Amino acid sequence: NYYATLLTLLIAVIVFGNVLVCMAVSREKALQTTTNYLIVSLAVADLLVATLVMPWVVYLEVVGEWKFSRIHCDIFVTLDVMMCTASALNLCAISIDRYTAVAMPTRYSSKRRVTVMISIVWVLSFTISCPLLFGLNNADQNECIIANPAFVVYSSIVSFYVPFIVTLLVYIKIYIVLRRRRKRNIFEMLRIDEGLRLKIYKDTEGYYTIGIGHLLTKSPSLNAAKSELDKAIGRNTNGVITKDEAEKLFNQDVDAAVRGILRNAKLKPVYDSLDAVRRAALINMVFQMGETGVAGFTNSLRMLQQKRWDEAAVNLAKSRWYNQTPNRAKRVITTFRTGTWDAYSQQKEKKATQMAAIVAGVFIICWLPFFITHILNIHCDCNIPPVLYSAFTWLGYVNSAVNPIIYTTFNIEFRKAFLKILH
């Protein structure tokens, strides 16, 4: 047949791509991390799908019927559920290892942590699929387990929806931490450049300000400038505030600065194109020069928009801004060029955390239409086009071959590693 050939071709792609993932991590220094060890554990889960499950699936297409015995069927379904649950439980362990790398501060303590995580993945996958060999410990005596009306509920909830929610809660907790970091990094970036003042003072235009460039009022009365300060800090500040109280005010000024940047037709385009780190450098400039002045760097802003980080740095050093405050300018131009916090303190893990979430998302993209279909079989009893049911099942098995394709795109170390193995 034609569809059986494609399935066998898929088996080759699954094996070819995932054998690469194993050898690459096994032989490349910069690829020998905790996450990458859980990645090869993920590659083994997919390697076993190609070898212990797909032969049953390609057989299932040539024959056109489930012409196994009842024990062969139970074995196949048990292995199919297990090797796919290991993929889900591996993506869960990957997120958790991604949480500890971001949220927590050893070459020996970490390796022991990976060994425990991997063992839990495969022992749990076994214990979850082991009931399927024995009638799901339910009432289905003389029939295969996939004929059990409770199999769909079991493998959906236990093997998929519960790993789905837990992993989703971890990544949400991960995003929240990274967003607190960006709000903290920008505060430090400007208390180094602009300066943190805890008592009321006058800016260069005569207005009473406090914190990091926060005009209390444009009124000349000092007593009135204190009224607006206490109405915003909540307490009788008496002129002095905490560095924490000033950090709350700074975040308000930053958010306000973004509402205007996006409402500025000359700054909104480049602002979208910018990485989050380079986006803080643009906020630094509007904090110093205002949105009016930054919009005058048209030749430079287009180069940031065109990813020309080299030239955008060379042009910005030819401005009257670089000549007026050169120390701060060189620090911000460095941030526009490198895209990190080297000038001020940059986490090198974010790139790996973004790839881990992309793999988890592609996973959900591939299997969710399959489990959405199950919900429809139960809801309306409408018999679904078997070509569609067969498609969403194959799409889920296809997921076993997409992960190595993602490592070549989003990871320079994985991409250059594979090309060295093929040469």
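Start at 1 with the first residue shown and count on from there.
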Please figure out whether residue 344 and residue 345 are truly consecutive in the deposited sequence or have unmodelled residues between them, and give none, 1 to 3, 4 to 9, or 10 or more.
1 to 3
Quick one: classify how much of the deposited chain lacks coordinates between residue 105 and residue 106, choosing none, 1 to 3, 4 to 9, or 10 or more.
4 to 9
Quick one: say whether 228-236 or 277-285 has the higher mean Cα B-factor in the deposited entry.
228-236
Which of 88-96 and 129-137 has higher mean CA B factor, as the PDB entry lists it
129-137
From 173, 307, 72, 328, residue of greatest CA B-factor
307
Just to confirm, going by the entry's C-alpha B-factors, which of 204, 78, 167, 156 comes out highest?
204
Residue 163: CA B-factor among chain residues, third -> lowest
For residue 393, the third of its chain by CA B-factor is the middle
Taking the C-alpha B-factors as the PDB entry records them, is residue 208 in the lowest, middle or highest third of its chain?
highest
Lowest, middle or highest third: where is residue 193 by Cα B-factor in its chain?
lowest
Modelled-residue ranking by C-alpha temperature factor, third containing residue 23:
highest
